[PDB]
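Okay, so here's just one chain, in structure tokens, the form deposited in one PDB entry.
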């Protein structure tokens, strides 16, 4: 960076020189009228070139050399080391007229060199390198560069209800571990010359996206000063001489969203005092950029950590069977004593090179009771648009990593259910959709859920890993598979086999395979629902790059309501608890053949050959009947992907 500093006619110029720049210096304007030639002297640590019409020539500390005065003959002035108290750094120019070799005038430039660098960890290793030349840019990918910031959305101490970033204060040094480091490094003499100050600042726009703290250690203990952030746009830095560092800690306050890309900037400037009533002149400015880390969902293929379960205290079979299942694994079971754990919350995570933690997304209106140390919270509330069943998080899921026609999605793709574009049907609120899209690294896909009364993708589809491989299966509800199976059992002499055996509230109904197969309107409804499933099958195959070999169909059956929307006839087996090879599967209560449920045996026959272990879990017996509704919920918290989100290269927006 070249900077203009002119000698001044009949006076001496004093200037601060910032290392990493160089000066071009006009000596002509300061020459007396009628002066012919000039010479120069300079000190040891100042390098001086005389530049004539672009041609540069190095000059000694004291020579006698003279050059013709011309507007096109100038100096280039460079310094490679900061000034100390022992320094006198200067360039002096002598002027001469045509008569005589004694100078008729002198103009000079007295310099104080300092180093100023605002440094961050741009190379993403967790340590703050000195002046990364890429620190002012942010690039995606394995070779990409630039610093990363976490939204500090967890809560360090329980005393306050709100997340850490909702205020301007830091109470606890544990909070600093969530924050990115930024160091202002300087080198120079005991003080800045008269008329200069160093100032850190941010734009008004970024002031609700960040906060920046400095740690002081006064007499009675450590304290945390908020120097940039909400309603503080600048901070005058206290300068210390010699080689010095000021350590700052930076927190993000906001996730990327509609209208906010996630990028924020922080600046430091050296300012020069001109006079009262006149603005200070930025002499030098250094900038760093941060990208705020996106919220990321976890697919069923990722290792389970904790199984969260909600049910009534007296549903004993459910609790017993869920505990049994989890005991086969290394997971924690967490129980709360009705679908809210599935519908109101989605467990995501955030990650930066220095730290990461799980973060809950809260569905639009006691889930804020999950907020705690290294467990974060985020929510979006529609300001205008009304919430529908499609805003519930049974309608929010995510695929395993996929490659679709050469395009890699290393974090998978978010899936949310919707209605056809021209249908006038339900759709998840724009505010939530906009939020998921803005995270960018999960590239969301809309499926068709609005044929279902509740309207959730988890009613019809799920993913499971294939044990001992890197692969996975798509599981789809299928009415055609159910009808095929029941027609086979009927042919085999089982048509009088009864559904829902043991649910006392259903006994008067006596539902049999025969009764199901002879219900003509139910057949037509389910043919239509199969068309709805197949439409989804096609979009999943297209957008996930799946073939028929990647899909397994589980028998399912639905009843139609007055809106021509589907609800489960028997419990939907596809929405299941997936812990690696072990699957909690809702107990279907299907027709008994030889004292085994034919739906259970059929499902085992599909899954077991692949090394999957099935446990059927009964949530409905405590209610004595099944009306299409589920009274329990589970949500599995999983380990984050090994792949770092910042190594992705998302498509241009």
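Throughout, rigid core stands for the largest set of C-alpha atoms superposing within 1.5 Å between the two forms. Numbering follows the first chain given and starts at 1.
Although it is not shown, the form deposited in another entry is what the next lines describe.
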Checklist entry - Which residue in 324, 222, 287, 507 stands out, with a C-alpha shift of 2 Å or more between the shown form and the other one when both forms are set on the rigid core? => result 222
Checklist entry - Can we say the CA of residue 175 moves by at least 2 Å between the shown form and the other one when the core is superposed? => result yes
Checklist entry - Taking the shown form as reference, are the C-alpha positions of residue 234 and residue 220 brought closer or pushed farther apart in that other deposited form, with a change of 3 Å or more? => result closer
